[PDB]
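K.L.:
My questions will all concern the structure given below.
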Amino acid sequence: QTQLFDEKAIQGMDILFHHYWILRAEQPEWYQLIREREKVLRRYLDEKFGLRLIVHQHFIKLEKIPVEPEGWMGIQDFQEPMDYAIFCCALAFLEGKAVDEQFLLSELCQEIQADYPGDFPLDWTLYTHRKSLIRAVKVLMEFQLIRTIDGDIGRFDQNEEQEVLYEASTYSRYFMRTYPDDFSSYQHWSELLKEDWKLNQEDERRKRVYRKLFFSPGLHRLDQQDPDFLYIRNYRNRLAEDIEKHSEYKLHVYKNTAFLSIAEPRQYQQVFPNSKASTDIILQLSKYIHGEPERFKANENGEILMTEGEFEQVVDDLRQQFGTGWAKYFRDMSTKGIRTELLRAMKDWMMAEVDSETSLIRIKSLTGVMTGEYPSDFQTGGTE
Amino acid sequence: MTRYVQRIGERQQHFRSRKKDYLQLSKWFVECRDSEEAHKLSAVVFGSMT
Amino acid sequence: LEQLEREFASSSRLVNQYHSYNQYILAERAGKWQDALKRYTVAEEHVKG
Amino acid sequence: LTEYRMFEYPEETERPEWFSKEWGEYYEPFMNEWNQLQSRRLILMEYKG
């Protein structure tokens, strides 16, 4: 039998990517679609990324393991380490429940409190601990790790005595990716990559670069002599040819950055720009930085350097130029607050980094790809 | 009934367990002094949903 | 059921070999023990004489 | 039996201290023989955990 990479393969691959995993019981059409091309996909994933495809009765999953983990990758609904700790404790709890077993919310809270391995105890009388648990439970239910009988956890915010009855679903077993040994022989998470590298000596460079490119919006040149960027430069053309054959993306390359663009996003897909206003202000800031290349003279690496003070002055300047049309949320917020949020946001999408100590701002060359301005009727009729 | 007899067959061999694992990773989350570092650790644990 | 029977047959082979091995170990230690006791008794007779 | 993770481990004797009171010549062969032969192998099995 024979098969070829077509619209269906692209769509199945994309659908797989934009979710952690796809469940047969709820998404049978996509699961079947993925299944028809599964042969070509397994070979291909191995060839380009090197990721292992796990196909199961109840689910299909790709351990989308990044080359170098980045903050935005993680479950974003979570905001504190305590949330992750409660998540891990919940996992530990699910290890204790048999399939289709029914458990009370109170048992889960008590067991998590008892087991919690940290030095500083978790206490449920507080609001913050309860909020962390509620966020954990919502995320848990999102992956169908837990089914809903009855109750309401949202009431738990202001009533710790609240109760709900949940049922442990089969997926609890398979949640954890495939990790070969006793994790304890390892001493730090950085050691984990060395696992991902015992399987990929063959064309390690191509798979590494491909993973870096495909996951992150862009790939920034480490330095003047980055081996990876030279490699990208080497195949150059065939990478573009391969991408045209194999995906929605269109490759772009510059002296200090390389990235994939997307021509036709879809509902379920994530892309930049988007509705959140901060992207708009980021684009306007991009135009303002673009407009004074010499004052904001980019370093050899394609970065543009500004200090926190300079950024605050710039934000004032932006409120001067484009501010009448900003959303009332930011228009009503002090400069420094806007500064903190915008800089965190720009970090999530990798446009720039803020040095913690010297407060130097590094704007990556990727930032200069896009610039934005208001429609001419406001340019006349607005913050003119 | 056939399922139950089959289960009696499964009860000789099946058992597995992985709970131990979660403890080290939860502790590592404990050492997360800041939640973006923690996000990076999460991306270590399971990568990116999208 | 076939897996269990296979594993049981393998365990039977292993246990029979292991029991022969242990019989040999105990027998060898007993033979040396007998030599030691024989010589000790002979030595006691010699000592007495 | 591979699912059981068979495993062996050698059994040794703590060289008894009274061996120190050197006996030489007539007894040296017996101490050497016992030291060589005293070692025996054991087996332990991870049966269902």
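Ligands are numbered from 1 in the order shown, chains are lettered A, B, ... in the order of the structure tokens, and residues start at 1 in each chain.
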What's around residue D:13 at 10 Å? Count only C-alpha atoms, leave out sequence neighbours fewer than 3 positions away in its own chain, and write the answer as an mmCIF file with N, CA, C and O atoms, in the first residue's frame.
P.N.:
data_model
loop_
_atom_site.group_PDB
_atom_site.id
_atom_site.type_symbol
_atom_site.label_atom_id
_atom_site.label_comp_id
_atom_site.auth_asym_id
_atom_site.auth_seq_id
_atom_site.Cartn_x
_atom_site.Cartn_y
_atom_site.Cartn_z
ATOM 1 N N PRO D 16 36.451 -16.012 59.033
ATOM 2 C CA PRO D 16 36.469 -16.033 60.507
ATOM 3 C C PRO D 16 37.822 -15.703 61.119
ATOM 4 O O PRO D 16 38.882 -16.139 60.666
ATOM 5 N N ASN D 35 38.727 -21.357 51.753
ATOM 6 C CA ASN D 35 38.521 -20.012 51.222
ATOM 7 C C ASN D 35 38.043 -20.042 49.773
ATOM 8 O O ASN D 35 37.195 -19.230 49.382
ATOM 9 N N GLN D 38 34.321 -21.832 49.835
ATOM 10 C CA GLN D 38 33.292 -21.319 50.731
ATOM 11 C C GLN D 38 32.256 -20.477 49.998
ATOM 12 O O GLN D 38 31.139 -20.297 50.498
ATOM 13 N N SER D 39 32.597 -19.959 48.823
ATOM 14 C CA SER D 39 31.687 -19.084 48.098
ATOM 15 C C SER D 39 30.625 -19.865 47.332
ATOM 16 O O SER D 39 30.906 -20.847 46.650
ATOM 17 N N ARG D 40 29.385 -19.401 47.443
ATOM 18 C CA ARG D 40 28.264 -20.056 46.790
ATOM 19 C C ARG D 40 27.339 -18.978 46.263
ATOM 20 O O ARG D 40 27.356 -17.842 46.728
#
K.L.:
Any chance you could tabulate, as a tab-separated table, the residues of chain B at most 12 Å from chain A with each one's nearest atom pair and distance in Å to one decimal, using only C-alpha atoms, in chain and rising number order?
P.N.:
residue	atom	partner	partner_atom	distance
B:16	CA	A:173	CA	10.0
B:17	CA	A:95	CA	7.6
B:18	CA	A:95	CA	7.4
B:19	CA	A:92	CA	5.4
B:20	CA	A:92	CA	7.9
B:21	CA	A:183	CA	6.5
B:22	CA	A:88	CA	5.9
B:23	CA	A:117	CA	6.8
B:24	CA	A:184	CA	7.3
B:25	CA	A:88	CA	7.4
B:26	CA	A:85	CA	5.0
B:27	CA	A:118	CA	6.2
B:28	CA	A:188	CA	8.4
B:29	CA	A:81	CA	5.7
B:30	CA	A:118	CA	6.3
B:31	CA	A:81	CA	8.4
B:32	CA	A:81	CA	6.0
B:33	CA	A:81	CA	7.7
B:34	CA	A:81	CA	7.1
B:35	CA	A:80	CA	5.0
B:36	CA	A:71	CA	5.1
B:37	CA	A:71	CA	6.6
B:38	CA	A:81	CA	6.0
B:39	CA	A:71	CA	4.6
B:40	CA	A:71	CA	4.5
B:41	CA	A:69	CA	7.3
B:42	CA	A:74	CA	5.1
B:43	CA	A:74	CA	4.8
B:44	CA	A:69	CA	5.9
B:45	CA	A:177	CA	8.3
B:46	CA	A:63	CA	6.6
B:47	CA	A:65	CA	4.7
B:48	CA	A:73	CA	4.5
B:49	CA	A:20	CA	4.1
B:50	CA	A:18	CA	3.7
K.L.:
Would you write out those residues with C-alpha atoms, as a compact mmCIF listing (two decimals), in the first residue's frame?
P.N.:
# COMPACT_ATOMS: atom_id res chain seq x y z
CA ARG B 16 2.38 -1.69 36.99
CA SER B 17 2.88 1.57 38.88
CA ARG B 18 4.54 4.97 38.49
CA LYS B 19 3.38 7.13 41.43
CA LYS B 20 6.88 7.44 42.91
CA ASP B 21 7.90 9.58 39.95
CA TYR B 22 5.57 12.44 40.69
CA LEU B 23 7.25 13.22 44.01
CA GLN B 24 10.61 14.36 42.63
CA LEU B 25 8.94 16.53 40.02
CA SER B 26 6.57 18.09 42.54
CA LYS B 27 9.56 18.88 44.73
CA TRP B 28 11.36 20.42 41.76
CA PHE B 29 8.26 22.56 41.34
CA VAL B 30 8.73 23.49 45.00
CA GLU B 31 12.19 24.83 44.21
CA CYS B 32 10.61 26.96 41.47
CA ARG B 33 11.24 30.41 42.93
CA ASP B 34 9.40 32.08 40.05
CA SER B 35 6.58 30.96 37.81
CA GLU B 36 8.24 31.59 34.44
CA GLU B 37 11.13 29.41 35.47
CA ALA B 38 8.33 27.11 36.60
CA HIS B 39 6.71 27.38 33.18
CA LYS B 40 10.01 26.38 31.61
CA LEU B 41 10.17 23.40 33.96
CA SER B 42 6.62 22.53 32.94
CA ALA B 43 7.71 22.65 29.30
CA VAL B 44 10.43 20.24 30.35
CA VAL B 45 7.83 17.98 31.90
CA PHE B 46 5.51 17.86 28.92
CA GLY B 47 6.43 20.48 26.30
CA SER B 48 3.79 22.69 24.70
CA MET B 49 0.10 21.98 24.20
CA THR B 50 0.33 24.14 21.06
K.L.:
Would you give me, as a PyMOL selection string, the residues in chain B that DSSP reads as helix (DSSP H, G or I)?
P.N.:
chain B and resi 2-10+19-31+35-46
K.L.:
Which residue, D:18, D:4, D:9, D:23, has the smallest gap to chain C when you use only C-alpha atoms?
P.N.:
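The answer is D:4, which sits nearest to chain C.
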K.L.:
In Å, how far is it from atom CA of residue A:342 to atom CA of residue A:268?
P.N.:
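Atom CA of residue A:268 lies 24.9 Å from atom CA of residue A:342.
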K.L.:
Considering only C-alpha atoms, return as a list in words whatever protein or nucleic-acid residues lie within 8 Å of residue A:383, sequence-local ones (same chain, fewer than 3 positions apart) excluded.
P.N.:
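The filter keeps residues 320, 321, 322, 323, 324, 325, 378, 379 and 380 of chain A.
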K.L.:
Within 8 Å of chain D, which residues of chain C show up when using only C-alpha atoms, listed as a list in words?
P.N.:
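Close to chain D, chain C has residues 7, 10, 11 and 25 of chain C.
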K.L.:
Could you dump the residues just selected with C-alpha atoms as a PDB file, in the first residue's frame?
P.N.:
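Final output, result.pdb:
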ATOM      1  CA  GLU C   7       6.492 -19.347  32.741  1.00  0.00           C
ATOM      2  CA  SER C  10      10.538 -22.342  32.912  1.00  0.00           C
ATOM      3  CA  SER C  11      10.291 -21.957  36.692  1.00  0.00           C
ATOM      4  CA  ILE C  25      26.442 -27.294  47.674  1.00  0.00           C
TER       5      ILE C  25
END
